[PDB]
Amino acid sequence: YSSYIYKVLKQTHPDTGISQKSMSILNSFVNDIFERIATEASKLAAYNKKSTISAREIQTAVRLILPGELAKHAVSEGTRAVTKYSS
Amino acid sequence: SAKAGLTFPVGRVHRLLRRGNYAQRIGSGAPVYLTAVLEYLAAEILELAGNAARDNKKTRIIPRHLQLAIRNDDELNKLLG
Amino acid sequence: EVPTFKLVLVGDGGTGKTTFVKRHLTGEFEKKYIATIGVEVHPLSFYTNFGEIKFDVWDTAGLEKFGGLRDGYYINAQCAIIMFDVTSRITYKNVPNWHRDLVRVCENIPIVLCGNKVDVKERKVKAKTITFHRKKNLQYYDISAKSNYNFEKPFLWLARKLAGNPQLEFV
Amino acid sequence: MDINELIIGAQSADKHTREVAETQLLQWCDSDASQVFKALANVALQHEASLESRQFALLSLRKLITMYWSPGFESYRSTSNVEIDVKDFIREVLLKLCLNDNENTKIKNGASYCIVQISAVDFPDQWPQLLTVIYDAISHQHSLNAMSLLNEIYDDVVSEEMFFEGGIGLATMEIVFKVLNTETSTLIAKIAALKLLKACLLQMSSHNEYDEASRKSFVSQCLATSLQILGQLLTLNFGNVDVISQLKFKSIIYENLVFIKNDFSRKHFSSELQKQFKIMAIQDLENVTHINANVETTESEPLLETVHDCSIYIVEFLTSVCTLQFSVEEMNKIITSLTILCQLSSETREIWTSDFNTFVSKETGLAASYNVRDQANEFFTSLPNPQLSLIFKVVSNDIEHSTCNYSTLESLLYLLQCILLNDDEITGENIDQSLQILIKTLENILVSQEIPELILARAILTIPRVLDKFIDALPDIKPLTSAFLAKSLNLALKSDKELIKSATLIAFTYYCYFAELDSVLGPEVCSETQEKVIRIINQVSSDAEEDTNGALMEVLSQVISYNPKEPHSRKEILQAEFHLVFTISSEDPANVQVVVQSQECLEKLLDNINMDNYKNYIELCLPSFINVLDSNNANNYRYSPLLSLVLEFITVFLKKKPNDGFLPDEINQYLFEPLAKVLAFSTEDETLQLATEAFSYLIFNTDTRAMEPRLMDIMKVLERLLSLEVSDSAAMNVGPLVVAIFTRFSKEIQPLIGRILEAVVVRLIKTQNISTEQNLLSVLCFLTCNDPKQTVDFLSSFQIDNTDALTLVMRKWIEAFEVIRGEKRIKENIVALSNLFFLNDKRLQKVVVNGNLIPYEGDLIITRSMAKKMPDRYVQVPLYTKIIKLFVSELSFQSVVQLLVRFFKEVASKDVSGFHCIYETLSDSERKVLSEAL
Ligand SMILES: Nc1nc2c(ncn2[C@@H]2O[C@H](COP(=O)(O)OP(=O)(O)OP(=O)(O)O)[C@@H](O)[C@H]2O)c(=O)[nH]1
Ligand SMILES: [Mg+2]
């Protein structure tokens, strides 16, 4: 998970400074989110009694975890990503 | 990731979620959705760190600017604890 | 002229120090968690007999990632409060480190140890797991922030010790 | 810039000056950190500088060490690296500052802290000179500062790898032993030396059978050597010179001894060595006790305290070796020494007599103090059965010969109490004769009127312990228990001292533990005992405290459990019991210990409620339950554990009832008005959440006709509950209440249907939380299932801001349809949607929604920073088409399936609203999925 974060870095910000510990702790935060999101997703799946995790599970999970405007931004970009990948 | 220029790959996240065995089967849209949401939240933090760096008046980035950015954002504080 | 005493507040991050001092300052219990950074000075006054007691609470950041030059704030401390969450044993395990640093910076100021968040239904650490304080002649006080259970008591004890007036009460 | 000017401004109270000074130094140190480090060490080295200024320099230096000293630190920064020459200069300064005796202890502690931080990475390979300098000072000069520095290093940076495999472990032990063996060394250095030994023993304490011959051989060799040296040290005597240091010297020696015994295998500590160590350990108690004669002069306050502190470790060692045999000659030595040590001090006696609240906390064990008296409890509790019989024989004999000695009688009684707390039974040759004498003198203590309060209180407390331990030895236990308990209660009533009254209440708790008072006393006698206890409780409760109230509930709980049965129930004691539990609890509502214990008391009293006595309980409880609501009303209903508890226990009162029908209007008349005022005029959500469900059950369990006049009143609560004044966390609780009110009052709610619909749609469209809006939409779909036409007409007629409300409510419904997780809520939502589709009103045809999302261009991630200028776009599609796509997508994902396919079949039966063309517009996969069901 290195080239991807460096490339998003160089596209969003043209001028920036970088040290290894910076995206070291960044990797940590994203890994925490992935684990958290794995927890909520799995629990709601068990709660709704579905052995298959699919879209509705992660829509529900993201909605319940992340609040505010970033939540609807996240679901918006996820939706455009899945439609641009389903076809 | 190379289908339409997506950044994060599908194999690494797929094997990471499979190692937890949270479900018997994985949906088709789950990997792409999680790659999308994860990269988005990561940028939400990188851009915040960047503006904190610009706030520091230094193009460089160190975790102190990240701490200032995360503390400034109340919703990000609630999300990240 | 009202005597003033410098008070430093330390504890593990997430234990409820800033909310406690804010409740003492105003009287409203804060809900959402905002991690304190650096140190904030909140003057405190108590209307008691035998004169007036004024406190200068030096709230300290409970997270090492925010406690820049944290050890350099107890230089002239006269009384300290070490408060720990009772919902997590990690705060109690970290308490000895806080006491060691406080003793190192200043030798023998009166220290009062407070167990916050007692209003919660269940506590992972009970009154039988406080072995550290009984061997260091410290004072254990059980307080809460959501309720006012013993919320004025530690300040009363510290004022009594500092003024040398065991018959001093708050009003 | 000046470093001296920076540090003085960096400790200023003002936030602005401190912030700029702190951020200037860190920024300055970020570039050319060598310049700052050299200057910072210079300030500390200067003697003329102020102590506060120097102390800050060292403490600031320690934090900067983790930042710029060298790589390997988690917080290390590569912006600037300290030069090797500067690194060596700091090392020389820190060692010099931490070794000279002319420096203040504040500087030495700060310097030692910096050295420890430096040693976290450099020690021991990168800094070989550190250990060599330290060893030279200890070996040749006995430098306490150097020795104390080694202790700090051992505590924080020394691990097993550098201890056993490295030479640190072997070198330190030899140096420590050398100091101890050398009698020419000063006494004070020996205390520090044994403190170093304790740190060394910590490394070996983690043995747990090391799988290493070298480690095992080294550990065993040192332990045997230390034990011989430790035994040798005890035999040496110093005299009367520096008595304080002698006590500390003995205290640290025994602290190590208990560490060896309790943290090592039995092979290292020989059993014969324990017998040898047990001899002078007992003799040390006599020496410590005889020291108190000099302490009686009160030359120094810590001298008395140091005697107790040193004696605690000595008693602790005897606890570890308590399994060893004790001779009769040394039997009296322990008891005689312990009586003096366990004697209550004048200050403690004065405090307990003046404030009985402190005594209750100590007696009940809730006190946070820990003295030699508590340690003596551990020693007697851990004794085995063969020694316990001899333990009891001498103590009982000593009590008989010390009846007239009130000075030391309290200690003997307390010692007897500790013995009886042991689990093992006490059997012996002449216990029966001894037991008869022991109770005879114990009885005379209560009869005598010249006994001091402290002795009388201890005798009252220790009486149940005697009976409990010897429940089988005594052949006349039943008459004895009644006589003693009645005597204890009578003394408490007559006595005017709260200390005795509180002691009797605690004593009554001990009686109920070992014996069932109902059987021994009898039916009528037990009732009299309950009446006597509550009278004692009433007098004590006037001057209670935070800990007294908690114990007062505990004894009250025992009285409740001894209530008579229904045929012989007495209304007088029930009224007193309920008024008492509320009185004490309301005095200290914030006390969580009181609240939870009062919960048990309330449950027991309400456990025997029937239909016949229901009316009596209504007037007994409800007026009291209203009072706390009025009491908390003046506080604007803030959080209170009592307030939460009473509201919760209000519900079970409604729950506990005959199942014939709804409860009588008396409960409704009493509780409705205070409950309604609670729901309004309150902003806290936790109390609101408990109140609404209590309010909901009262509505759902009351007569419709009786509740008819107040249908308007609850509407104000409904509007207030859905108003923006309250938090969204209390918003979802309106669901069950609205369901109950619709079930009970589906007839006359029609005039208020418009108002409640307006309130609920306003709250739904104004809220952002997922759970709150989900519960609100579930409520809305329930209303739609009740009457879809009226809801549609009202929504079309009603206007929000400048737009038709139905548009936004429909948009929110379709938006949150994909995100609902409640399976029952899913069924309600799906069924409601099917119903509205059936209605096929032209109003929904005109309006449009924006379910579909049109992707943007540029492949740029959009966040909140540029959301205003880069907003999302959605195409407009009819709601019928959107919902059709929703069900076909759900079936593609796919209980609700049977109902949904039944709805599909019903749709195919009439194909209204142009279902054929919409199905034609569907995708190939959607068409196949739809045809699968059809
Ligand atoms: N229910 C309850 N919450 C409490 C109590 N004490 C503290 N809190 C909560 O703990 C948090 C305190 O946050 P702060 O005021 O920043 O205090 P802190 O956690 O010591 O601060 P840092 O050390 O910077 O993390 C808030 O969420 C408080 O509501 C208590 O007795 N009861
Ligand atoms: Mg805080």
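Residue numbering for chain C follows Swiss-Prot, covering 9-179 in order.
This deposition comes from electron microscopy, 3.3 Å.
Positions of Cβ are set from backbone N, Cα and C atoms, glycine also.
Per Swiss-Prot, the range carrying the annotation region 'Switch-I' out of C:12-20, C:39-47, C:111-119, C:165-173 is C:39-47. Residues from the binding-site residues list (C:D20, C:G70, C:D127) with a C-beta closer than 6 Å to any atom of ligand 1: C:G70, C:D127. Checking the binding-site residues C:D20, C:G22, C:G24, C:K125, C:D127 against ligand 2, none has a C-beta less than 6 Å from an atom of that molecule. Neighbour density for C:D127 (GTP binding site): within 10 A of its CB lie 21 other CB atoms from the protein chains shown. Most Cβ neighbours within 10 Å, among the binding-site residues C:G22, C:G24, C:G70: C:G70 holds that distinction in the structure as shown.
Within the region 'Switch-I' (C:39-47), the DSSP-based counts of helix, strand and coil residues read 0 helix, 1 strand, 8 coil. For C:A153 (GTP binding site), applying a Cβ distance below 8 Å and a minimum sequence separation of six or more within one chain yields C:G24, C:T27, C:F28, C:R31, C:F37, C:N124, C:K125, C:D127, C:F159. Applying an under-8 Å Cβ distance to chain D, the binding-site residues C:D20, C:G22, C:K125, C:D127 reduce to C:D127.
Around C:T26 (GTP binding site), a 10 Å sphere centred on its CB holds 22 further CB atoms from the protein chains shown.
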